[PDB]
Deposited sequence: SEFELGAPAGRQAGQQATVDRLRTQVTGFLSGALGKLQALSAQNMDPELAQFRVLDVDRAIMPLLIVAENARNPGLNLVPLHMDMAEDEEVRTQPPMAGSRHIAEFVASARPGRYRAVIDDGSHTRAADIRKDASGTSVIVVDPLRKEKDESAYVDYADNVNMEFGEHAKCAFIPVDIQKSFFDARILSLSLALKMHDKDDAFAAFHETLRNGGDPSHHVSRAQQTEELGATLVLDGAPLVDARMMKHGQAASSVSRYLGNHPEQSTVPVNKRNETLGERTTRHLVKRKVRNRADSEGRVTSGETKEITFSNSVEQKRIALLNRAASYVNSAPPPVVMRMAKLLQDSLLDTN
């Protein structure tokens, strides 16, 4: 019985359910039309940044329910609280990292971390001894690879200096707007590789040799954070699935040939097979002239759509308190 679980608000719950599915379905429809027509969202004046920021807390709820133990939490860094620098306020329900680390129950967490303009994924472990975190950044655009040293130290600082930290920049993102969806995907993969990340957490906490987990690593020697400039095999083929540039995927396989024959999904595709299937040629904004035509993988825009599909299905049959919480999260996206 549904009425048993409705607590006398069947009318309110029903309307709020329709309201939430209505939004998810609306976004989904627009994003699907754009993808089906091989159209770049920015050039089409679709504001993905706003749509992603609004749907992201709802995706987190759906994914946490869909995978018990994922324990995905949205977090933000200090600079995300700066109204004058940040590109967007943090998503609804986002917690300040310092506040989270302080009060969080001990356990295993995933996170998407917002700095005000960019989002990364993270795997977090807090217990009596302290907190350890492994950050994977889907973006790797720095010319001089010394800037990553600073990134590693800054994250370690957010978690405090007695927290163990690993920072792994990966060349996945090429577009301006895909950080959120890529980070959510990376977070999910972390839960999928729970054991592998747990093992890395132990090495961090015990100060052992990182090369049991990753191929290239170094100490910042300012905070002691481990900067990982080559995550394989911790960063395996499955974590490279949504690589936007064909050359990023190719270069990765060229550098780690052993990754080229492992199946990345249940249909038994290799990374190269799957990536090739997602290749499209379309105009994108250049950042003279305004637009530039490129060939790249549309895997991320498909993933966004798949995530929405999941989320909507979940909402359609979700219990009333969950509907209530997601409706609220949707409303709260308009407060800052």
item: Deposited residues absent from the coordinates (by C-alpha); value: 1-6, 294-301, 351-352
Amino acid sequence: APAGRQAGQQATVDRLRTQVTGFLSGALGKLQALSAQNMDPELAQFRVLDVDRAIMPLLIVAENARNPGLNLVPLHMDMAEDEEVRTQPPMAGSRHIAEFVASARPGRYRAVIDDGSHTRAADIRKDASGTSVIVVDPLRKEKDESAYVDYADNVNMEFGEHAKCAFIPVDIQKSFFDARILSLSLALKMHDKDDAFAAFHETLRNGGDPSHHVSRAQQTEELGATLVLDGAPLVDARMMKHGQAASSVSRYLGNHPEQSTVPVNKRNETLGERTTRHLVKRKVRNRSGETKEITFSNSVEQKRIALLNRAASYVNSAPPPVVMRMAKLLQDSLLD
From here on, numbers count along this sequence of modelled residues.
query	finding
62-70 or 289-297, whichever carries the higher mean Cα B-factor	289-297
Mean temperature factor over C-alpha atoms, higher-scoring stretch between 318-326 and 12-20	12-20
Highest recorded Cα temperature factor - choice among 162, 241, 120, 140	162
Top Cα B factor in the deposited entry, candidates 236, 115, 178, 171	115
Record-listed C-alpha B factor of residue 276: chain third	middle
Assigned third (lowest, middle, highest) for the C-alpha B factor of residue 225	highest
Entry-reported Cα temperature factor of residue 231, expressed as the chain third it lands in	middle
Chain-wide C-alpha B factor ranking for residue 189, given as lowest, middle or highest third	lowest
Ranked against its chain, the third holding the CA B-factor of residue 148	highest
